[PDB]
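Under the numbering used here, the residue at position 231 of the sequence shown is numbered 231, and the numbers go up by one with no gaps.
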Amino acid sequence: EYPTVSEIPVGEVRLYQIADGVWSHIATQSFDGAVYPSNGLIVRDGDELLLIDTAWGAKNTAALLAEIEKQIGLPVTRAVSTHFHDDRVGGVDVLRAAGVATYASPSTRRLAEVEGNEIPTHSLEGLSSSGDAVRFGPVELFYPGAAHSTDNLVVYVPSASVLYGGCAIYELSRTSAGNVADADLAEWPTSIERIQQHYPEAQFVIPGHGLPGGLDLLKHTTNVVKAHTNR
Ligand SMILES: O=C(O)c1nccn1C1CCC1
Ligand SMILES: [Zn+2]
Ligand SMILES: [Zn+2]
Ligand SMILES: [Zn+2]
Numbered sequence: 001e002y003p004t005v006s007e008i009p010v011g012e013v014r015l016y017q018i019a020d021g022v023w024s025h026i027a028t029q030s031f032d033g034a035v036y037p038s039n040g041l042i043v044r045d046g047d048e049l050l051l052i053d054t055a056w057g058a059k060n061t062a063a064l065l066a067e068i069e070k071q072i073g074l075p076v077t078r079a080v081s082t083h084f085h086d087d088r089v090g091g092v093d094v095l096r097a098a099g100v101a102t103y104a105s106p107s108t109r110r111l112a113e114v115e116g117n118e119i120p121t122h123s124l125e126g127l128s129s130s131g132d133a134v135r136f137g138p139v140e141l142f143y144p145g146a147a148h149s150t151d152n153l154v155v156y157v158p159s160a161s162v163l164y165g166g167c168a169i170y171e172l173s174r175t176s177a178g179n180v181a182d183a184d185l186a187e188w189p190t191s192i193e194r195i196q197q198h199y200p201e202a203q204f205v206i207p208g209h210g211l212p213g214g215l216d217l218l219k220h221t222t223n224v225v226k227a228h229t230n231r
């Protein structure tokens, strides 16, 4: 089964193989008095690995690299952070020191610098307008518009029909909004509609935090965001 928040100690990282050459990575972090799970993605790219998002902190991200070496044994050569918050760029310095080329959109890099978060080194061009898509090796990167943050990207793995929604997509067990301080609530449903229209074939949808599902996670997130909008 998919590992849940209460069975991962803070500091440990679990890997979940979704398909040949596609994994999620799952870590936990304590925030504001609670413990949260957090997901990212690993995609095999020939003899190398592409990493999507850190494991939420330098300590977790070091453990992430250790678990990848243990369970996969291929080198992580590039990493993409899907927005500027610490569950996505926290650990970029660890990755850079290990020889990983770290990437984010110019928007994410700008917002990380303002916030004082770690800044991925390389820039992802071609993603500044809502609906923009670019290929990045074995994945497609998609900017759906502002949602959880103004810079959030989603990631699609065509070989496996895996859609990583990042923090713009909520797991089912989350029925209230949570951290929307940086969100565009007015645009978030429209941005989710763009995801649906661009990846209607997705079979395996991974939220930023918690259990994967199908495309029903998009409807779920829209429902939850609209309820927050109305209260
Ligand atoms: O909503 C998120 O994407 C997130 N990431 C880290 C922490 N959070 C919030 C705060 C309650 C869940
Ligand atoms: Zn965030
Ligand atoms: Zn998050
Ligand atoms: Zn729901």
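We put the beta carbon where it would ideally sit given N, CA and C, even for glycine.
Check: Let me know the secondary structure DSSP gives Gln-29 once reduced to three states.; Outcome: strand
Check: Mapping DSSP to helix, strand and coil, what is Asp-216?; Outcome: helix
Check: Who's in the neighbourhood of ligand 1, going by beta-carbon under 7 Å from any heavy atom, listed in chain order?; Outcome: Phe-31, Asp-32, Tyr-36, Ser-38, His-85, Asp-87, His-148, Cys-167, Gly-178, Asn-179, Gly-208 and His-209
Check: Tell me which residues share the same chain as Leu-127 and place their Cβ nearer than 7 Å to its Cβ, disregarding the 5 neighbours each side in the sequence.; Outcome: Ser-105, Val-134, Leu-141, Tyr-143 and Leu-153
Check: Could you spell out where the alpha helix (DSSP H) holding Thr-190 opens and where it closes?; Outcome: 188–198
Check: Which of the three DSSP states, helix, strand or coil, is assigned to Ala-181?; Outcome: coil
Check: Near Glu-171, which residues of its chain fall below 6 Å by C-beta distance, leaving aside the five closest residues on each side in sequence?; Outcome: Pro-207, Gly-210 and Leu-211
Check: For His-228, verify whether its CB is less than 7 Å away from any heavy atom of ligand 4.; Outcome: no
Check: Judging by CA-CA distance, which residue of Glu-201, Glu-69, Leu-95 and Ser-161 is the nearest neighbour of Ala-19?; Outcome: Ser-161
Check: Beta carbon of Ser-191, beta carbon of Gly-145: below 8 Å?; Outcome: yes
Check: Which word fits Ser-6, buried or exposed, when buried means at least 16 other C-beta atoms lie within 10 angstroms of its C-beta?; Outcome: exposed
Check: Please state whether DSSP places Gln-17 in a helix, a strand or coil.; Outcome: strand
Check: Going by beta-carbon coordinates alone, are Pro-120 and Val-92 separated by less than 8 Å?; Outcome: yes
Check: Are the region 66–84 and the region 94–104 in contact at 8 Å, needing three or more beta carbon pairs?; Outcome: yes
Check: Closest by CA to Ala-34, which one among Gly-178, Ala-98, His-25 and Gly-40?; Outcome: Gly-178
Check: From the DSSP output, read off the bridge partner residues of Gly-166.; Outcome: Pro-207
Check: For the alpha helix (DSSP H) that contains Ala-79, what are its first and last residues?; Outcome: First-last for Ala-79: 76–80, but that is the beta strand (DSSP E), not the alpha helix (DSSP H).
Check: Can you give me the C-alpha to C-alpha distance between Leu-185 and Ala-147, rounded to a whole angstrom?; Outcome: 6 Å
Check: Using a Cβ-based criterion (distance less than 7 Å to any ligand heavy atom), does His-220 qualify as near ligand 4?; Outcome: yes
Check: Hey, is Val-76's beta-carbon within less than 8 Å of any beta-carbon in chain C?; Outcome: The structure shown contains no chain C; it holds only a single protein chain.
Check: Kindly provide the ranges of any beta strand (DSSP E) runs that are 3 or more residues long and lie completely inside the region 85–132, ordered along the chain.; Outcome: 101–104
Check: Please name the residue, chosen from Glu-187, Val-76 and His-85, that lies closest to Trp-23 on a Cα-to-Cα basis.; Outcome: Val-76
Check: Buried or exposed, going by whether 16 or more other CB atoms sit within 10 Å of the CB of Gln-17?; Outcome: exposed
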